[PDB]
Amino acid sequence: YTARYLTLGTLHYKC
Amino acid sequence: XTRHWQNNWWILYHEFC
Amino acid sequence: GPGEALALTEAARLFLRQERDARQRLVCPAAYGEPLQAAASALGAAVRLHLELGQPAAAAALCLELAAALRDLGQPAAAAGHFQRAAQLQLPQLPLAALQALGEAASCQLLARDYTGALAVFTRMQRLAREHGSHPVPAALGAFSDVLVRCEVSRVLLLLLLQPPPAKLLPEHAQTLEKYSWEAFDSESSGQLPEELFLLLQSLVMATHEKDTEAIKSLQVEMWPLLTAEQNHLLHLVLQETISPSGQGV
Amino acid sequence: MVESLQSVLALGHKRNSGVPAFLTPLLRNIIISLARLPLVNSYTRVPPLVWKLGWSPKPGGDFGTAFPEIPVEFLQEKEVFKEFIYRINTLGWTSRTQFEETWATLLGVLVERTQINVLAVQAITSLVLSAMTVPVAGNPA
Amino acid sequence: XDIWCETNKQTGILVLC
Amino acid sequence: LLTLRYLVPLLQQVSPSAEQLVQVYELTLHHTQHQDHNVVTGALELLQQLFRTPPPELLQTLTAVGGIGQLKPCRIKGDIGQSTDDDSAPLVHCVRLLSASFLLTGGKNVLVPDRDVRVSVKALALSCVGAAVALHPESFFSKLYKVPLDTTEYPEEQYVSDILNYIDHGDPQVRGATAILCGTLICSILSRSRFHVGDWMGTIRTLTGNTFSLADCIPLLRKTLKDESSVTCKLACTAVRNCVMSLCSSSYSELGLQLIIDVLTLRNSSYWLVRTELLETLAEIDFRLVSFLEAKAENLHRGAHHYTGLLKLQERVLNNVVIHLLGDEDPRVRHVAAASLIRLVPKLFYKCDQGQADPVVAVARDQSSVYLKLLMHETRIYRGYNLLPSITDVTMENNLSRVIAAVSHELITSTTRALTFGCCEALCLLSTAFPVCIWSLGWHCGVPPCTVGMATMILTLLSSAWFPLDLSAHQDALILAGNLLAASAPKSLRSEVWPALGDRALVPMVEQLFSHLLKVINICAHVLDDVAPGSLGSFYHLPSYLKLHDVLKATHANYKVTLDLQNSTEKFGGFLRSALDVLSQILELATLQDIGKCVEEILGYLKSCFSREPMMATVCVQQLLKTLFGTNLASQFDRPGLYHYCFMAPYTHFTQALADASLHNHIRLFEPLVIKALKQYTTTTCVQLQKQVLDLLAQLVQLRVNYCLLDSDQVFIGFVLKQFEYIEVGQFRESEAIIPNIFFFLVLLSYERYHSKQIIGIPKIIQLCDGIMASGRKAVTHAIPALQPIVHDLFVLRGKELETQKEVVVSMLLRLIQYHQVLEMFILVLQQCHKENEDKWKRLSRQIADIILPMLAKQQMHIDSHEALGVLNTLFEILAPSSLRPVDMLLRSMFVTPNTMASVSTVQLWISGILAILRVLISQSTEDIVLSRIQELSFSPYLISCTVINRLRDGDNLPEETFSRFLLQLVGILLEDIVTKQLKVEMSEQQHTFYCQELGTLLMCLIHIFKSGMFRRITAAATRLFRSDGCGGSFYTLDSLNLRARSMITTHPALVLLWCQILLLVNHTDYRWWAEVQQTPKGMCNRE
């Protein structure tokens, strides 16, 4: 999975 | 035409009947 | 000292637990009341002890315990006497407690089929509740208003059951039964009672004079949700005595 | 319903206050007599605490409900024996066979345990006295 | 303890006037 | 993550920014995806905290429609959206993240294996979804993914509402967290929809496609109340406590009745926490609304089994639960049953009550008495006395009578020690919540021919062989006995023992209590002094008092060996202070011939008790001084219905207030306890002790004790003067509790002249008060409490330099005039000038009006409260009429916009200032004075046009038409702010209440203007303006005000009835309104 946050950016999680 | 009787209030008595 | 009353009441609670074990819990046919003779003796001593200590409110509590035990043990005619002893000991100092004890006496008289005794006790209750609880210092205060509603409904059903002749028919009964008619006042006559219950009690006091048996059957099912179980028993006795009278033997 | 005879159907008990007194003496007598039917009597004789203790034999008879009389080892507990005494007093007995079976169970208990001996003496007293009942020899209804 | 103890000098007296 | 989880609560109340708090929230979302379930646990506990106590800034960003974007395996299969999405509020993403991570697979009716996610993480995730749904209920109705999954593996799409399948999971805490999710979902939907549930549900069903219905939750609550686990049962009745009143108020009231019926079985539970939660559940229920619902129900009375009676919920709750659990073996359960009973007395309904004949009238009183409340304003006897009459509510006296009778019956008939103790606790706390000397008819037993209640019954327990040995029940009985005897005084006082008492039947009771108190205080004195027993307080010859000494000796010995200095519940100290409190109360009925042979004994006992209870001992010393000097009570004693409550009584009260507008040597025995009180003051931090020592000295100065001989070298005044150095600098903690008592003591010390020198002087007291102002500490907390003693002295009851000190004091008050407590002092100044000098009253009234009116215009007054608005309304009656006479200052202070309408506080300050001007105009001036000056001053109706209101929400013709448009636009602003605003997120409970009170006040003005007959030109202007378009959409149409007012029927029926009255006063008789409010043929209590 991928996530974008306002205060971090474009982080990735193993799946 | 029912009323209460003078010698006992629980007895009814009749005027128009 | 005063701790003797604690010893005697704790002893009486032990004897009453023994009598409840035998008569209620085990339901022994071989029981003959020896623990209850002991309970009545120990509570009798503690009642007299509280009275010579000048504690009549504490003596009345022990009268209520014995009366409750006698009622629970199937002796309602005996329990009514000790409930009235409790009421008499309370009345000059706790009028509402006395009304509670008279209410239990009246319930016990109805269990004992002592309907004229019940009628007298409820009349005493309705007098005391107006005297101690219905003043401006006029409408009743909330606790007394609930007693007044109980007495009024019960007295009306007892008077419809018993139907007293002249001079047995007190001013207090004639005056209550006068309210349960209508003639000239529409353009609030319900008094302490809920208006729905008052119109059905009015209708019942009229249907019983007319012997209108199908109206009494109709009113009995309509009143069933509104009454207490004791009052539904009274209304059943009124309908029963109307369809098949007592004293005829046949 | 046989439990409710201590409370809801005890005349003038606080728990009877919702039942009108013209129904209480009728319903008591009906319940004692229904509890004597062969269909349900064997079950009704069993204390509910013995089912909480997991006793679970296979019932027989023509209806499928004929439980045996309770093993004497359960009746060594105070407040299991009281539950049983209440049922044998309230229902009485339906036959000579049931009198002899209930006498055998009370002697099997009789043989702080002094509490069980007092309960057994009071129970046997009540049992033998029940045969002094007059239009029918052992029927409280 | 107190400020009379700490200042090593006495408390007064209670009287009407 | 733990440090943040402790910090979050303190920042709900340089400051924490929105971007910081969004980064806390986004860190929390990130760390739920961690490889370690310890880190996931800490992140879900932080997310749970962040939703239970939201920071004010963050709460707005999480609920706004784009509020963040506008500024081992990870199990998420598809697109759940992002924290930064522009199309929906962040809580929609958050609920999907929690669901996909921890609870749902993407396949219908499959629970995530406990192999994959541990039950503690499932319980925390279910808790977080409930806490999010509480803030934003639309979150629950979402599809789990914004974009469908691979479709071959998932043939039907999954909703978030599948989390309710965890109701039958194996773990008790998972089932119970699911029950609490049902509970919070019901409450949130009903509150967010304003009970317009079908429209709100049909909208979310159209937006998300989800067919889930609120009625599907009630079977899950009913199921989990019957759970085998006591943990799940506690959580299920907690879920009922959260939603039962909202259900009863809704279109689902029948399910509300069903939940009330199904919780009553929990009274039999073996777990005490299920019993206390049941009691707290039942304590929330409005039995007036339940009585309405019961009267409406045909078949809830039948139950499952065709029952033949009438359900009787209130009787069963009061007797079979609440009073029954006063007999509970656990004292914690008795305490909660006693507390729950007090909360119930206002809420009970009974037939034939003269205040409310019908339960719809009983609810209409509750609705009306908050919002239709009028704007109003305008030798001390001990705790339990009440000389003056009072306007007691007959309905509340009846409820209290019926409750006290039930609890007294159980107390008399009690077979068991636990029920006796619980009934004494219940009666004692009722005697505090509903004092016997106010509610004397509620407490009446028929005993006096104002009352004494059951006092002899309580005194019989105090005379028992066992009851005194339970210290808690003995405390309650002493407090109750004193309260019952004190409430006799308005009837039984006389204008040889107890010579003041008059009703001689009470002297046995009073002597019995006084003798007993002196014995138990003597026992405590011996226990504290470490001395063994072996003269009215003597007890060595009484067997019951020797047993009480052993219990108290054992309780104190257990205390000597601990250091719990913060503990409130210490049973010896609680007992001792309760005996001293009741002795203090009884001394009001006493005389020197009752006390003069035992005052020496009591002062000996108080000296022993002082080091344990120094504050309550000082209260006794003061009461003994009132008995000696003769300053105590014993010595100083020389039909209605709906039209009435919803309109006519409010309106007659309003229109009357508009018309009243502008129309002995024993003293030396006390020295050691006075000197201990001085020494204690100088060695302690307890501000409640220090208050009491200053009250004692103020009394000794009033009793003409020579202070110069008491305080040798002024050591104590010197010490008291040095405290101001720490009070000003912010260093003296709890000083808000000591300032008014210091200033009272120093104003008394200004009059005395035992020495030829003055001790303090008013110039210093003014300088100390100005130091509290100049040092910058909060005015309402510190400076205002200092002014109140000074003003009352100098203006009521205080050489011509004094007039300059009065002018300096007025110069204090003008620096603080924004605070309503300073307007109260100006009412006291103005009335004291009016009686003495007409010209000084006129100058002050102009000096005040020339300051006040500019501040109203700029929203600088602290009048955002009904109390403050009431004080401003009385000040304008007490000002000299000349000061308000050329109405152009008033009209220039009205007819303003605020600097913004983006905040609730600014709109409330603005409308409060307008309502204060509007009342002065309609009371103190005629219509022609107002309308003629408006036409000359050149105001316009376009002042608050819809275009002006809308830009002020984002940030920053005839006189009769002008005035009428202004008031009609303010109605539209208030109706929008009541209907179109979210509780906690956008306004507080007190703000929602004050909006409704402002609207009730505004609509009452319009009713007076239209009905009184005096403002005919304004009535014609209103009748025209209600009967037009909004001048091309520049003003609110009557249709738009009615669309808002219809929406209030389910929530503010009293305000809607005032709006109906205005529609009649302008002849708006269109059946499109009236057929809908009256419900004409072509449930909810607030609709009825």
# chains A, B, ... in the order shown; residues from 1 in each chain; ligands from 1
call {"tool": "residues_around", "arguments": {"residues": "stretch 69-84 of chain C", "least_positions_apart": "2", "cutoff": "10 Å", "atoms": "only C-alpha atoms", "output": "PyMOL selection string"}}
result
(chain C and resi 13+16-17+19-20+23-24+36+39-40+60-67+86-90+98-114+117-118+121) or (chain D and resi 7+10-14)
call {"tool": "interface_residues", "arguments": {"of": "chain C", "to": "chain B", "cutoff": "12 Å", "atoms": "only C-alpha atoms", "output": "PDB file with C-alpha atoms, in the first residue's frame"}}
result
ATOM      1  CA  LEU C 159     -69.935   0.036  50.293  1.00  0.00           C
ATOM      2  CA  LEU C 160     -71.170  -1.487  47.011  1.00  0.00           C
ATOM      3  CA  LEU C 161     -70.339  -4.964  48.460  1.00  0.00           C
ATOM      4  CA  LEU C 162     -71.875  -4.437  51.937  1.00  0.00           C
ATOM      5  CA  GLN C 163     -74.720  -1.931  51.216  1.00  0.00           C
ATOM      6  CA  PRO C 164     -75.270  -0.757  54.889  1.00  0.00           C
ATOM      7  CA  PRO C 165     -78.834   0.127  56.135  1.00  0.00           C
ATOM      8  CA  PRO C 166     -79.715   3.524  57.754  1.00  0.00           C
ATOM      9  CA  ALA C 167     -77.667   4.446  60.915  1.00  0.00           C
ATOM     10  CA  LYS C 168     -74.982   1.859  59.897  1.00  0.00           C
ATOM     11  CA  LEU C 169     -74.754   4.177  56.843  1.00  0.00           C
ATOM     12  CA  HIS C 173     -70.477   6.919  53.768  1.00  0.00           C
ATOM     13  CA  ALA C 174     -73.529   8.913  52.620  1.00  0.00           C
ATOM     14  CA  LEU C 177     -71.714   7.910  47.871  1.00  0.00           C
ATOM     15  CA  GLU C 178     -73.311  11.328  47.032  1.00  0.00           C
ATOM     16  CA  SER C 181     -73.950  10.574  41.045  1.00  0.00           C
ATOM     17  CA  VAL C 205     -72.167   2.958  41.614  1.00  0.00           C
ATOM     18  CA  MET C 206     -75.022   3.669  39.131  1.00  0.00           C
ATOM     19  CA  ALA C 207     -75.022   0.230  37.408  1.00  0.00           C
ATOM     20  CA  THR C 208     -75.188  -1.522  40.850  1.00  0.00           C
ATOM     21  CA  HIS C 209     -78.282   0.541  41.958  1.00  0.00           C
ATOM     22  CA  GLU C 210     -79.982  -0.267  38.623  1.00  0.00           C
ATOM     23  CA  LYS C 211     -78.718  -3.931  38.983  1.00  0.00           C
TER      24      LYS C 211
END
call {"tool": "select_by_dssp", "arguments": {"residues": "stretch 9-240 of chain C", "states": "helix (DSSP H, G or I)", "output": "number ranges by chain"}}
result
C: 9-25, 34-52, 56-72, 76-90, 95-111, 115-133, 142-162, 171-179, 195-209, 213-223, 229-240
call {"tool": "residues_around", "arguments": {"residues": "residue F:473", "least_positions_apart": "2", "cutoff": "8 Å", "atoms": "only C-alpha atoms", "output": "PDB file with C-alpha atoms, in the first residue's frame"}}
result
ATOM      1  CA  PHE F 421     -27.942   2.578  56.422  1.00  0.00           C
ATOM      2  CA  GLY F 422     -28.937   3.171  52.764  1.00  0.00           C
ATOM      3  CA  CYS F 424     -30.369   7.219  56.120  1.00  0.00           C
ATOM      4  CA  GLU F 425     -27.844   8.048  53.356  1.00  0.00           C
ATOM      5  CA  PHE F 467     -26.542   1.800  64.314  1.00  0.00           C
ATOM      6  CA  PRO F 468     -24.072   4.400  65.839  1.00  0.00           C
ATOM      7  CA  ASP F 470     -21.342   2.444  61.341  1.00  0.00           C
ATOM      8  CA  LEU F 471     -19.552   5.839  61.189  1.00  0.00           C
ATOM      9  CA  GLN F 475     -22.656  10.921  60.134  1.00  0.00           C
ATOM     10  CA  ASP F 476     -25.706  10.904  57.820  1.00  0.00           C
ATOM     11  CA  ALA F 477     -28.136  10.534  60.751  1.00  0.00           C
TER      12      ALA F 477
END
call {"tool": "atom_distance", "arguments": {"atom1": "atom CA of residue F:74", "atom2": "atom CA of residue F:23"}}
result
21.1 Å
call {"tool": "residues_around", "arguments": {"residues": "residue E:1", "least_positions_apart": "5", "cutoff": "12 Å", "atoms": "only C-alpha atoms", "output": "VMD selection string"}}
result
(chain E and resid 6 to 8) or (chain F and resid 676 679 to 684)
call {"tool": "write_last_selection", "arguments": {"atoms": "C-alpha atoms", "output": "PDB file, in the first residue's frame"}}
result
ATOM      1  CA  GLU E   6      10.044  32.861  64.716  1.00  0.00           C
ATOM      2  CA  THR E   7      10.061  36.542  65.935  1.00  0.00           C
ATOM      3  CA  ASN E   8      10.515  35.207  69.564  1.00  0.00           C
TER       4      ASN E   8
ATOM      5  CA  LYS F 676      -4.502  28.865  67.953  1.00  0.00           C
ATOM      6  CA  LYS F 679      -0.976  30.770  64.818  1.00  0.00           C
ATOM      7  CA  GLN F 680      -2.595  28.240  62.411  1.00  0.00           C
ATOM      8  CA  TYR F 681      -3.248  30.974  59.780  1.00  0.00           C
ATOM      9  CA  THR F 682       0.491  31.859  59.841  1.00  0.00           C
ATOM     10  CA  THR F 683       1.599  28.160  59.502  1.00  0.00           C
ATOM     11  CA  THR F 684      -0.814  26.767  56.856  1.00  0.00           C
TER      12      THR F 684
END
call {"tool": "interface_residues", "arguments": {"of": "chain C", "to": "chain D", "cutoff": "7 Å", "atoms": "only C-alpha atoms", "output": "JSON, numbers by chain"}}
result
{"C": [24, 25, 26, 27, 28, 29, 30, 71, 72, 74, 229, 230, 232, 233]}
call {"tool": "atom_distance", "arguments": {"atom1": "atom CA of residue F:522", "atom2": "atom CA of residue F:605"}}
result
6.1 Å
call {"tool": "interface_residues", "arguments": {"of": "chain F", "to": "chain E", "cutoff": "12 Å", "atoms": "only C-alpha atoms", "output": "ChimeraX atom specification"}}
result
/F:629,664-684,697,700-720,752-755
call {"tool": "closest_residue", "arguments": {"among": "F:938, F:308, F:584, F:38", "to": "chain C", "atoms": "only C-alpha atoms"}}
result
F:308
